[PDB]
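Only one chain is included here, represented as structure tokens and corresponding to the form deposited in one PDB entry.
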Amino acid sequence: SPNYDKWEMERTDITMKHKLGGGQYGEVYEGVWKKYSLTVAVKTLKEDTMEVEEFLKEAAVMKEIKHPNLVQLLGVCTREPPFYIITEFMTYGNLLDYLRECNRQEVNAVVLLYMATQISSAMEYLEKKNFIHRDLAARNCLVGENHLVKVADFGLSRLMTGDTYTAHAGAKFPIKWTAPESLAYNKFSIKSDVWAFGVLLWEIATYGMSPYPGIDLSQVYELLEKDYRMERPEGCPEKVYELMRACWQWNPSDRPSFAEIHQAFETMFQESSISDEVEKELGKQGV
């Protein structure tokens, strides 16, 4: 069948349990995949959407993407009206909820930066895959053991090979994570997620505080248009704010790639570590 998906398995084959909810995330449930007896997480659509195409679209994406910093698909059920999307069970839950419920004495500045590096590792892969997310945020990220974070909830992640207009009439995009061009012209690029990533970086560094806090929504576009961007969080290193300023660049052509951002974090990590701010192979032909 052209409708084939290798992750398609029987609903009976998994034993669902109690919901984890997710607050603003969606209908997430606990399950156990019988033949391995391992607890798993199952996200289904909330009825009132009735937009099967955008939620079910993630099922195809997670089969066609793989990275240690991306939510791995464990199964799906699109052969049956009770549509389910089944993945691994995330120990520390959603990242926004985790930072709200974290041990702040354990979760210091450098781990917040490292967890942003985990996300950058996921998003640079999406860049390689020419995939775009358009909903990149702590609420849409997951955390498990050893502060491992992975990008999740691939509902707004539409597959294009090089299309600028990834919207569809109703612009369902989080404004403070949406790029200047994406607000003004309603035109999107790989750089539109680079804005979302920088806003997420700030959100992590503030222990899950809300980005652009205390400003009216009615003022948000105005100030963003005036080149305004959030300043460095208390405890967030100088180097990280420079990285943020690049991610919050007005011009997408002057705004950096996720490859460049992935470089920027490992470049920063120089605590008893080799200063990897070097170029392509220091020898002779370093063009």
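Counting begins at 1, following the sequence as shown.
What follows is about the form solved in complex with a small molecule, which we do not show.
Of the residues given (190, 90, 102, 77), 90 alone sits with a heavy atom within 4.5 Å of the small molecule in the deposited bound form.
Taking the partner from elsewhere, residue 94 is found to have a heavy atom lying within 4.5 Å of the small molecule in the deposited bound form. In the deposited bound form, the small molecule sits beyond 4.5 Å of every heavy atom of residue 230.
Under a 4.5 angstroms non-hydrogen atom cutoff, the small molecule in the deposited bound form has residue 142 among its neighbouring residues.
The small molecule is not drawn, but in the deposited bound form it has a heavy atom within 4.5 Å of residue 42.
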